Structures are given as C-alpha cells and as structure tokens.
Number of protein chains: 2
Amino acid sequence: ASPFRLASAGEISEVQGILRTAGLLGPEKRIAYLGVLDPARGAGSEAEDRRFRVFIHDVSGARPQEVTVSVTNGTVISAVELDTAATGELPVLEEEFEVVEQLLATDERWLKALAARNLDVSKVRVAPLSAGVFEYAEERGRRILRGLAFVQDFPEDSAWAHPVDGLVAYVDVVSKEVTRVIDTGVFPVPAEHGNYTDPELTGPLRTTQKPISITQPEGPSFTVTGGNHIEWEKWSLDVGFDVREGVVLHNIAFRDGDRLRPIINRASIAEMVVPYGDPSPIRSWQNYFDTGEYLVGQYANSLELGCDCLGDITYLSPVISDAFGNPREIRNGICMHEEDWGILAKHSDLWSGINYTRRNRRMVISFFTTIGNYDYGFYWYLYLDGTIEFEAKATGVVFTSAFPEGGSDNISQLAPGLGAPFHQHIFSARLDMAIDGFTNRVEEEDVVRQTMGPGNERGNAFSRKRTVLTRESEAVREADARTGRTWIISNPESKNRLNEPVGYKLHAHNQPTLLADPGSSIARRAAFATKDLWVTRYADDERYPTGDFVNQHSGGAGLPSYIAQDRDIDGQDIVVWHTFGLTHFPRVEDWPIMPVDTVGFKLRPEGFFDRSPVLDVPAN
Amino acid sequence: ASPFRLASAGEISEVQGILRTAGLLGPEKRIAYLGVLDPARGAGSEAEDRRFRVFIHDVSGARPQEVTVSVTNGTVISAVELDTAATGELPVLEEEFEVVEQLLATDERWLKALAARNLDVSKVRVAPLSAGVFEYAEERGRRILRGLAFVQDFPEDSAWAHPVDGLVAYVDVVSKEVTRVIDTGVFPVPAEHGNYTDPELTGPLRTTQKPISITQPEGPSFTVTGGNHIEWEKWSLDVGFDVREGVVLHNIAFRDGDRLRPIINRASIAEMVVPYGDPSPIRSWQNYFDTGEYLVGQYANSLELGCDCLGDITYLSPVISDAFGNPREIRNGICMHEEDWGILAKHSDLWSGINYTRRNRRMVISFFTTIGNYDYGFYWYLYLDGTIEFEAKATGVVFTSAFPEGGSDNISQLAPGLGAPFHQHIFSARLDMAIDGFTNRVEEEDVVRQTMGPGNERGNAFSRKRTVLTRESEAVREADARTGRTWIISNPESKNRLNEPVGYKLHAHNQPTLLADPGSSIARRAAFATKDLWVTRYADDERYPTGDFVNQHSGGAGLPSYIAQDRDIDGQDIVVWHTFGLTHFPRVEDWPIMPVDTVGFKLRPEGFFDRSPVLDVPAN
Ligand SMILES: [Cu+2]
Ligand SMILES: [Cu+2]
C-alpha cells in the first residue's frame with residue numbers, strides 16, 4: 001500500500017498501454033527514460049496517485065516529448081513536445097550505441113584512417129560517447145555521438161590496451177550518417193595486452209588465501225516489508241530505484257523512544273560527471289554524465305552471492321522499462337545486508353571497576369553499474385549511532401590513449417606507449433532534508449582560533465562559529481579543511497532536552513572540486529561541480545544539479561538557475577547538494593585493471609538526541 | 001634468532017639483574033621506562049647485541065639516570081645522571097598516581113574546599129594529570145602532578161558525571177606534600193549520573209540484534225614465526241611492542257616476484273597529545289602527552305575474544321617491566337587477524353564478454369589502551385593492493401567540567417549543568433622510510449589548475465607538480481586539501497619498468513592541526529603538532545617529535561631542534577613525521593559514554609610496481 005514501493009512490471013506495462021492508447025507510443029517511438037514520480041508534498045489526500053514520467057524519443061526524427069501518466073487512473077496527465085536544441089537532447093539509447101561502430105565500418109574516411117594504421121576494421125571496437133557541446137553548430141538539435149577506437153585482437157581481448165590515438169569520428173544516430181572524421185596523425189597503437197585472466201600476465205594464482213566465512217545463523221536483524229520498506233536497529237526507510245539515479249533512499253527516519261523521527265526525506269546521487277584533463281583534441285571534449293546522459297541505473301549489474309555481496313544478503317530486483325515500454329527486471333541488482341563494524345564504544349574505568357565494550361554494526365544497501373570501461377559501486381550505510389554515510393567505489397579499466405613521446409603533463413604512462421589521461425570522478429548527492437520535519441536551516445561551522453591575551457592568557461583556547469545560510473544567493477559554499485569546516489542542518493523549531501535545536505553535521509572529505517578553467521564548457525555544464533555545497537529551497541521540478549536534459553545542452557541550467565530565485569532557506573523545506581569526487585592521476589598499479597579507490601561523505605547527529613542513542617545495545 | 005623479536009620476560013629479568021649487579025637498582029630505585037633498542041644501522045656484524053634502554057627514577061629525591069644495558073653481554077653499556085630541570089622529568093609512575101588523592105585527603109586547604117561544596121572527601125576521586133610547564137618556578141626540577149576532582153556517589157558510580165569545577169591542587173609526588181590548592185569559586189556539581197550499565201538510563205536492552213558469525217574453517221592466511229614475524233599475502237613484517245609507543249611495525253616489506261622489497265623500516269605513533277581549549281585556569285594547563293608522559297603502552301588492555309576482536313584472532317602477549325624491574329605480561333594485548341574488505345577490482349566488459357570480480361582483504365594488527373577517562377584504539381592495516389594504513393579510534397568518557405551559566409565559547413553542554421571542554425587528539429606517526437632501500441626522497445605533490453588559452457583552448461586541462469624537499473629546513477610542510485596535496489616518498493636509484501623512480505604516496509585526512517596560539521606553552525612543547533608533515537635525516541637519537549623527556553619540559557626540543565641541523569634529505573636515509581588528529585567539540589551524543597570517532601592516514605604505491613600487484617588473486 002506504500003506510495004514509495006518499487007515500480008512493478010505491471011505498472012511499466014500499464015504505462016506502455018496508457019501511452020499506446022493515447023497515441024503517444026507508436027512504432028517509431030522509444031522510451032529514453034521512465035521513472036516513477038515521488039508523492040507530492042502533503043499526503044493529506046489519501047489514496048496515492050502513482051504517476052510515471054517518461055521521455056519519448058522518435059526514431060523518425062520527429063520531436064521528442066515529456067509525458068506524465070497516472071497509472072492509477074490510466075490517463076495521460078500531461079504531454080509536452082520538446083525542443084531539444086534549446087532544452088537539451090534525451091539520454092542516449094542503448095540501441096544507438098551499436099550503430100556508431102557499424103556506420104563507421106563502411107565509411108571511406110574511417111576506413112582510410114584505419115588502413116593508414118594497418119588496422120583491420122573487423123578488429124576495431126568503437127566506444128560511443130556523449131558529444132557534449134562545442135564549436136559544432138552542425139550538431140545543434142542533433143543526436144550526435146563521438147567515437148574513439150580501440151583494437152581487439154581476439155574476441156576475449158581487452159581492447160582498452162590498444163587505443164587508437166589521433167582519430168575520432170562524429171555520428172548522427174538518427175539520420176544514421178557519419179558527420180565528421182578527424183585524423184590528427186598516426187600514433188603507435190600500444191602493443192602489450194591487458195588480459196588480466198591470462199595466466200602469462202597473472203602468473204600462478206595465489207593459493208595462500210584461506211576462506212573467511214561470514215554467516216548469520218538466525219538470519220539478518222533487519223526486516224523487509226512492502227517489498228522495499230526497511231526496518232533496522234531503530235532505522236526506518238524505503239529503498240527506491242530509478243533508472244537514472246540508481247538506488248534512492250526515501251523517508252530516512254530513526255525511532256527515538258516511541259516516536260519516529262525523520263532525518264532525510266530523500267537521498268540520492270543526482271549526478272556524476274567524469275571530466276578529462278587532456279588538452280588533446282582527440283579527448284578534450286570528453287565528459288561523461290553517466291547519471292545524466294547514460295543513466296547508470298539501466299546498467300546496474302546483477303550481483304552474485306559470495307562474489308559481489310558476501311554474507312547473509314537480501315536482494316531486490318528493480319524493474320525498469322526497455323526502449324519499447326516492456327518491463328525488464330534487473331535480477332539481484334540491489335544488495336542489502338548488515339555487517340559488523342568493530343568497536344562502537346569502550347571504557348575501562350579504574351574507579352568504578354566496570355569494564356564496558358560494545359560492537360558497532362552498519363546496514364548496507366548497494367548496487368554496482370558498468371559504463372563502458374568503468375565500474376562504479378554505490379554504497380549507503382546506516383550505523384547504530386545514527387550516522388548516515390555514502391561511499392562510491394571506482395574500479396574497472398582506465399580509459400586509455402597513446403603516451404606521447406617526450407612525456408605529457410596531462411597523461412600518465414601505464415605500459416610501453418600506453419597512456420591514461422588525467423580526469424576526475426565527481427558526484428553530487430541530493431539530500432532533501434527533513435531533520436525532525438521539513439522546517440530546516442543550514443549553518444556553516446568553522447573552527448575559530450583565538451589570540452593569546454585578555455581572557456586567553458595561556459593562549460590555549462580555540463572555539464567555533466556558525467553562520468546561518470538564509471537565502472539561496474548566499475548558500476553556495478566551498479570547503480575549508482584547514483578550519484575544519486562542516487555544515488549543520490538543524491530544525492530551529494525542534495529542540496533537545498538541553499533547549500538546543502536538533503541537527504545533523506555533514507562531514508565532507510574535502511577533495512578537490514572541478515579543476516577545469518572557469519570559462520570552459522564543462523565548467524558551465526557541470527557548474528555544480530565547482531563548489532562543495534549548495535542549498536536550495538525545495539521545488540518539485542528541481543531534481544538534478546545539471547537539469548533534466550544534460551545530453552548536448554548549452555549549460556547553466558540546474559543549480560545555478562535554481563539559486564537565482566534567491567528563495568528563503570532559513571527554516572524552510574530545503575535541499576542540500578554536496579559535490580564530492582576523486583581526482584585521478586592513473587598509476588601503473590591501476591593497469592591492466594584497477595583496484596578500487598573510494599570517496600564519499602557522512603552525516604552525524606549533532607545534538608539530535610538527548611544522550612547517546614546506543615546505550616540500549618546489549619553486551620553481545 | 002631475529003634481532004626484532006619481542007622482549008622476553010627473561011630479558012627483562014636479566015636487565016634487572018644487570019642493573020642490580022652494577023649498583024644502579026637499589027631499594028630506592030624505580031624503572032620509569034624500559035624498552036629494547038632497535039638494531040643499529042648496518043647488521044653487517046652477525047650476532048645481534050640485544051640492548052635495553054632504561055630510565056631509573058629515585059624515590060629518595062636523588063637524580064634519575066638514563067642507562068643502556070647489553071643483555072647479550074650482561075653489561076651496562078652506559079649510565080648517565082640526568083638533570084631533569086634542564087632535559088625534563090621522567091614519565092609519571094603508576095604508584096605516583098594514588099598518592100595524589102591520598103595526600104590531598106588530609107590537607108586542610110583541600111578539605112576546606114570540599115566542605116564548602118558539602119562534599120564528602122571519601123567520595124572524592126582525584127584524576128592525577130601531568131602539570132606541564134607554566135608560571136610556577138617552584139616546580140622547576142620537581143615531579144608535580146595536578147589534581148582535578150570528581151564525585152563518585154557509590155563504588156560503581158561514574159565519577160566523570162560529577163566534576164568539581166573551580167578547584168585544582170598541585171602535589172609533589174616525591175617529597176609527598178601538597179604545594180598548592182586553588183579555589184576560584186564554587187560551581188554546582190552536576191547531579192545527573194552517567195552510569196551506562198544502569199537499566200534506568202539504558203532502558204530495556206535491544207533484543208533485535210541477530211548474531212553475525214565470522215569464522216575461518218581452515219585458519220588464518222597469515223603465518224607467525226619467531227613469535228612476532230608476520231607473513232601475509234606477500235607482506236612481510238615484524239610486530240614489535242614498546243611501553244611508550246605501543247605497537248611498532250618493523251621491516252614492512254612486500255614480496256614482488258622473487259625479491260622481498262622493503263617499504264617502511266619502522267612505523268609507530270611516536271607521540272599523542274590532547275590539548276584542551278578551555279581558558280578557565282582550572283583546565284587551561286591541561287595537556288596530555290599520553291605516549292610521552294604516561295606511556296600508553298603500559299595501559300594496554302587485555303582484549304577479549306568476541307568482544308574487542310571478532311573472528312579468528314591470533315594474540316600476542318607483550319612483556320613489559322614493572323616499577324621494580326620485574327617482568328609483567330600484558331596477556332592478549334595485541335590482536336592480529338585478517339578481514340574481508342569488499343570488492344578489490346571489478347569489470348564487466350561488453351566487448352570481451354568477460355565478467356571479472358575479486359574480493360579485497362586487510363591484515364589487522366591492533367591494541368587498545370586506557371588513560372583515565374579515555375580509551376584509544378590503534379589499528380594498522382595492510383591491504384592486498386599494497387596500501388598501508390593506520391587508524392586511531394577514540395572513545396571512553398569525555399573529560400568533564402561544569403557548564404557555566406550563560407553559555408561558553410569553549411565548552412559544550414552534555415547534561416544539565418554538565419560541560420565538556422573543547423580539545424583535540426593529535427597524533428604523530430614516525431615513518432622511518434625504506435622505499436626499496438634507504439636511499440629515499442620526499443616530493444610534495446599539488447594538483448595544478450591550468451588557464452584556458454594557447455595549448456588549452458577548451459580549458460579542460462589540469463595537471464600536477466612535484467617539489468623535492470632537499471634539506472630539512474624546507475621539509476616542514478602543511479596540508480592543502482584544496483589542491484589535493486599529498487607527499488610521495490621515492491627511491492631515485494630504483495626505477496620501475498617504465499624507467500620511473502618507485503614510490504609510495506601518503507594520503508592525509510587534512511584535519512585541523514594544533515589550534516592553540518603560536519606563542520602558547522603547548523604550541524612550543526607540541527611544536528610538531530603545528531604542521532602536517534616533517535621530514536628528517538635519520539639519526540639514532542631522534543625518536544620522538546617531542547624529545548625523550550616530555551614530562552614538565554620547557555619545550556622546543558624534538559622536531560624543531562632536529563630540523564635545525566638542516567641535513568641533506570634528497571636521496572638519503574630519511575624519516576617522515578606526519579601530524580594528524582581529531583578536533584573535538586563534544587556533542588550530547590558523546591554522553592554518558594562516547595561512540596567511536598576515527599582519524600588516520602594511508603600510503604598507497606605510486607609506480608612502485610610494474611602493474612597491478614593483485615592480478616594473481618583467485619576468483620574465490
Ligand atoms: Cu579514474
Ligand atoms: Cu575527544
């Protein structure tokens with residue numbers, strides 16, 4: 001009965017039927033995006049209205065449409081024709097990926113480029129990537145994909161080891177014709193192979209690892225009801241899934257005594273951009289908006305037990321729509337389980353003679369996606385003490401290029417002649433706050449050093465200060481690790497027993513933000529990535545930091561636009577957008593396949609409770 | 001036969017016998033410190049010389065001595081009389097702690113202070129803490145301890161909940177007389193109790209936690225030989241133990257192919273300071289050099305299986321000396337085990353059809369200590385990919401005070417009338433580097449943003465720069481999280497297959513450093529804590545960032561002194577000293593007992609290997 005339940009295959013099929021009956025889904029139509037809409041603010045109206053949002057692409061070249069349908073009433077709420085040249089192109093279709101390598105295969109320019117490198121076109125794989133927005137007015141309003149080539153010697157060969165530098169093509173996946181083929185010069189195609197399952201490269205496999213068995217004889221401590229509602233050690237939440245955002249957490253709340261206290265209404269990774277810092281024209285335009293342009297959700301892997309998720313795992317198999325509106329299940333796409341987390345609290349008191357120790361635990365909810373050469377793991381954690389944390393794990397194969405003779409200031413060498421362009425992996429976590437309700441505010445907290453003198457004769461004192469962000473125009477903040485800067489989200493109308501507003505403190509990792517030049521194209525399309533923290537007044541249509549249509553969009557939309565409204569955020573329904581990411585200068589150790597590197601953030605209770613909330617945990 | 005083996009009870013007894021035979025350990029003598037000396041540089045001389053270093057205190061008031069003995073030859077290498085007024089007092093003796101509360105109990109000033117607060121002296125506990133160095137020339141050359149009072153209503157009561165503010169006493173533990181008793185005014189003694197095992201405060205214990213079983217049917221994957229030599233997944237090291245530094249790691253090396261490659265010769269936490277930022281005269285002098293003044297090693301807890309260390313644990317029981325030279329075993333003071341660490345590497349390749357996933361694991365070596373109200377956990381981790389990491393875990397009971405009426409800028413309120421002074425927990429990790437040998441150098445690496453224009457027309461490029469620290473005078477560095485600053489330790493004479501110097505990159509958490517005023521007493525005694533990274537030329541007598549005798553020492557000694565030598569560190573035997581810590585503004589959630597908070601650092605291989613070093617890990 002929950003309005004936050006996962007989408008069923010039946011709802012998808014019904015959306016398909018609704019669109020068909022309305023004439024919005026003929027033979028030439030394709031579903032580029034489909035997701036369930038969250039319940040509007042104020043459920044004072046019983047009986048929810050299950051609504052779905054759809055982006056309908058037309059393979060005939062006609063204009064796409066944004067449609068909202070009510071599966072409950074079997075109707076089309078609204079349908080709007082879209083002008084992609086203005087608002088942006090729809091997410092790339094999977095079927096549009098295969099066409100690039102296929103079309104190029106019979107293009108004389110492409111063939112001439114390959115022949116000049118003595119490469120057999122049958123062995124040339126083409127990575128189809130987003131074109132972005134540059135000095136090609138020809139692409140205005142067109143769905144163009146740029147292709148970079150990699151040689152695959154045999155069917156099981158890792159093409160990434162054999163990049164074909166100095167070459168790039170542009171293809172119109174709708175009119176199905178190659179628009180341009182650029183050849184800046186031949187580069188030696190790296191010869192070493194990167195086959196990590198090849199005995200000649202791995203050498204004898206280790207036989208030194210003894211098994212580690214993790215089990216739960218009485219089953220997990222968490223309950224799952226309504227298909228996706230989780231109850232665990234006082235925590236309460238609904239696990240949602242969106243094809244674009246991936247796993248989304250709804251109604252995060254904590255049972256404090258006899259009352260369920262909300263903390264976060266909605267938590268998701270609203271965007272992920274991977275900007276490359278190599279000035280070569282072959283890759284200077286390279287920027288992946290995995291969440292926005294490719295929809296990381298639709299590439300979620302089916303996680304295997306014992307391999308991807310170890311221990312007593314409870315799976316969720318979210319359903320999504322295919323290009324035609326048919327439901328497609330992602331079997332075991334989501335893992336949920338609890339794991340031990342060392343010591344929670346400990347104290348051996350000499351005076352009382354009491355020796356006390358308690359173990360910690362965390363509830364884990366995750367999924368893993370694959371985008372071409374990269375593989376990203378998204379993990380949400382809930383701890384016994386009230387801490388909420390997110391962790392992104394980056395692995396896969398590094399995107400390669402040729403390593404220029406004479407070195408490079410923007411590329412690393414991984415193998416002889418093999419380069420790995422510098423780049424970043426930047427995420428934006430959209431946190432729709434609800435600290436004890438929707439009346440929230442954000443304070444920036446800095447440590448404050450004090451001068452030795454009157455009132456501080458010994459010069460040992462230090463303090464802290466808090467600045468309330470009252471309007472959106474003043475809510476675009478940057479990190480300051482040196483002064484231990486954090487941001488506290490509080491409810492000015494809800495106080496703890498000490499008469500203090502309850503709150504949660506966000507602790508960032510303070511990693512570098514977008515490095516690109518402020519006037520670059522990526523700096524504008526990914527403006528959110530230029531700052532660590534943004535706070536906006538909640539709005540129904542403000543979902544992504546980059547807007548609804550990132551694919552080939554001029555820029556500025558998203559956060560910079562929203563903030564312009566300069567709305568009141570001091571004790572209002574607000575949203576925190578936290579930018580965090582990895583700056584990657586590939587090492588030899590990342591080749592041929594890279595070890596996991598991580599980045600994230602967490603929020604800890606700050607005077608939210610009246611005392612430690614884990615005093616009732618048993619001795620185990 | 002290993003020169004790095006743990007000390008045996010027999011060696012301690014022999015040190016005792018040697019000192020006795022030499023007349024250095026009569027009835028009035030006490031061992032304030034005793035540790036085994038590491039083998040001198042160059043073991044070209046077979047047959048090691050097991051030497052021990054001892055600080056001998058005299059309860060009669062005579063001068064203490066620093067003595068070096070050779071247990072191998074049964075001789076006194078050297079014995080030097082110490083002038084504590086100049087070089088500093090010896091570590092505080094445990095027997096000197098009980099005398100403070102005992103002496104004060106019969107002092108009229110103390111009794112008058114207690115009577116004014118209507119407190120029964122039999123219920124008043126006194127926390128004996130280091131006096132430091134301030135405007136009390138009377139203390140010059142004297143072993144003085146300052147005492148703060150806490151009320152303990154009953155034998156099992158938590159005194160920390162009942163601080164007695166406005167009162168402090170100074171005691172000479174040698175002449176055994178109270179030097180001073182300061183009373184700045186009565187403060188209400190917080191009444192609420194902080195008994196976390198009391199059903200009225202904990203409420204009904206949870207019954208929702210199902211067990212999590214972690215086992216290893218075939219035993220651990222690591223081997224222990226020579227009592228403390230560890231071999232695990234290519235890693236090789238010796239686990240040492242010092243009463244002052246706690247767990248020390250020796251000869252950290254990695255088996256790369258058929259050669260054992262050294263990385264770190266010696267890794268330890270050489271110092272830990274806890275500076276309080278409350279300007280009240282009652283606590284302004286409060287600074288704990290747990291490692292230096294109290295010797296965290298001697299307070300190591302005996303870790304219980306299933307409680308402190310879960311899973312298949314292999315224990316070490318280091319032996320230390322008591323005040324008389326008798327060996328005392330710390331049963332199960334060190335836990336060692338391996339634990340699963342999620343995904344190591346993963347990639348699902350569309351083109352090759354190969355789906356690859358591998359699990360990660362970490363070797364864990366830890367111990368836990370208790371210092372009055374605090375409990376600190378020290379954890380060293382070795383990962384499959386070559387990463388080395390340290391993690392400090394802080395818990396226990398927060399040091400309390402009265403919460404002033406009208407608020408405070410340097411104290412938090414935990415309960416009605418109960419305050420928790422602001423403070424920091426700062427550590428210094430001493431890393432005696434040996435990246436592929438002793439010829440090392442350190443480079444500071446910063447990300448480098450590039451301006452849009454010639455050679456970067458799209459403004460997407462970004463780079464990095466490295467600056468070699470050539471002399472100690474230029475090796476005192478600070479963090480810069482904004483430019484992703486890290487430090488690379490490399491061997492200029494040892495290159496990887498790509499002709500690049502091998503190295504390891506240190507990743508700091510970039511937390512705030514010492515906040516105290518630059519001219520404060522703590523800023524000088526803990527000068528190391530004012531900067532994130534120091535690099536020194538290795539020397540036999542440069543062991544701690546604060547010198548050998550921190551207790552009541554003027555300051556400046558340690559790192560600031562060493563650096564003054566301005567020695568060559570560009571391709572030499574060098575030591576990295578990394579300052580890192582927690583800045584603590586106590587929250588209500590930390591009371592009555594605090595949940596664990598953590599801080600640390602790690603070092604990752606940087607072109608150390610010729611490719612990923614975990615390609616030989618099996619599919620599990
Ligand atoms: Cu990367
Ligand atoms: Cu603390």
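The basis for the numbers below is simple: all heavy atoms, side chains too, and nothing from hydrogens, waters or symmetry mates. Every chain is numbered from 1 and lettered A, B, ... according to where its sequence line falls, protein lines coming before strand lines.
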Does a donor on one side chain sit under 3.5 Å from an acceptor on the other, for A/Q450 and B/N410? yes
Using a distance-only test with no angle check, is there a side-chain donor-acceptor pair under 3.5 angstrom linking B/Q152 and A/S352?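 There is no such pair (donor and acceptor under 3.5 Å, judged by atom type) between the side chains of B/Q152 and A/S352.
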Measuring only between side-chain heavy atoms, which start at C-beta, is [X] closer than 4.5 Å to [Y]?
| X | Y | answer |
| --- | --- | --- |
| A/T197 | B/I354 | yes |
| B/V447 | A/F585 | yes |
| B/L615 | A/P592 | yes |

Test side-chain contact (heavy atoms from CB on, under 4.5 Å) applied to B/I212 and A/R361, step by step: CA-CA 10 Å; B/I212 293 181; A/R361 294 185 179 202; 3.9 Å; yes
Kindly give the heavy-atom pair with the smallest separation between [X] and [Y], and that separation in Å.
| X | Y | value |
| --- | --- | --- |
| B/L498 | A/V588 | CD1-CG2, 3.7 Å |
| B/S612 | A/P595 | OG-CG, 4.4 Å |
| B/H347 | A/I593 | CB-CD1, 3.8 Å |
| B/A481 | A/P512 | O-CG, 3.7 Å |
| A/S213 | B/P217 | CB-CD, 4.3 Å |
| B/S463 | A/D409 | OG-O, 2.7 Å |

With side-chain contact (heavy atoms from CB on, under 4.5 Å) as the test, would you mind laying out the steps for A/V617 and B/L205 before giving the verdict? CA-CA 6 Å; A/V617 171; B/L205 264 43; over 6 Å; no
Contact part of [X] toward chain A, heavy-atom cut-off under 4.5 Å: side chain, backbone, both or neither?
| X | value |
| --- | --- |
| B/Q286 | neither |
| B/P416 | both |
| B/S284 | both |
| B/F222 | neither |
| B/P281 | backbone |
| B/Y356 | side chain |
| B/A523 | neither |
| B/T483 | backbone |
| B/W160 | side chain |
| B/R359 | side chain |
| B/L201 | both |
| B/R358 | neither |
| B/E304 | neither |
| B/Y379 | side chain |

Answer yes or no: is there an ion pair linking B/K346 with A/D308, defined by an N-O contact shorter than 4.0 Å?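 A/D308 and B/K346: salt-bridged.
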Are B/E233 and A/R206 ion-paired here, with the side-chain N under 4.0 Å from a carboxylate O?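 Judged by the 4.0 Å cut-off on N to carboxylate O distance, B/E233 and A/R206 do form a salt bridge.
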From CA spacing to verdict: side-chain contact (heavy atoms from CB on, under 4.5 Å), A/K234, B/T208: CA-CA 9 Å; A/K234 311 205 169 181; B/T208 56; over 6 Å; no
Backbone of [Y] reached by a side-chain donor or acceptor of [X] within 3.5 Å:
| X | Y | result |
| --- | --- | --- |
| A/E589 | B/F609 | yes |
| B/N301 | A/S348 | no |
| A/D517 | B/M452 | yes |
| B/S221 | A/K210 | yes |
| B/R587 | A/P605 | yes |
| A/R449 | B/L515 | yes |
| A/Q511 | B/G484 | no |

Using 30° and 60° as the class boundaries, would you call the ring planes of A/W351 and B/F150 parallel, tilted or perpendicular? tilted
Are more than 12 heavy atoms, taken from residues, nucleotides or ligands other than A/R482, located less than 6.0 Å from that residue's CZ atom? no
[options]: which one forms the most heavy-atom pairs within less than 4.5 Å of chain B?
| options | result |
| --- | --- |
| A/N287, A/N496, A/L344, A/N510 | A/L344 |
| A/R497, A/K465, A/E500, A/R464 | A/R464 |
| A/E478, A/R611, A/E135 | A/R611 |

Name the member of B/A415, B/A619, B/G203 that forms the most heavy-atom pairs with chain A at distances under 4.5 Å.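 Highest number of pairs under 4.5 Å: B/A415.
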Should B/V397 and A/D349 be marked as a side-chain contact (heavy atoms from CB on, under 4.5 Å) after you check the CA-CA gap, both sets of side-chain angles, and the distance that decides it? CA-CA 9 Å; B/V397 178; A/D349 201 68; 5.6 Å; no
Ring center gap for A/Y276 and B/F462 short of 6.0 angstrom: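 Aromatic pair excluded; centres sit 6.0 Å or further apart.
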Can you tell me how far the CH2 atom of B/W591 sits from the CG atom of A/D610, to the nearest 0.5 Å? 15.0 Å
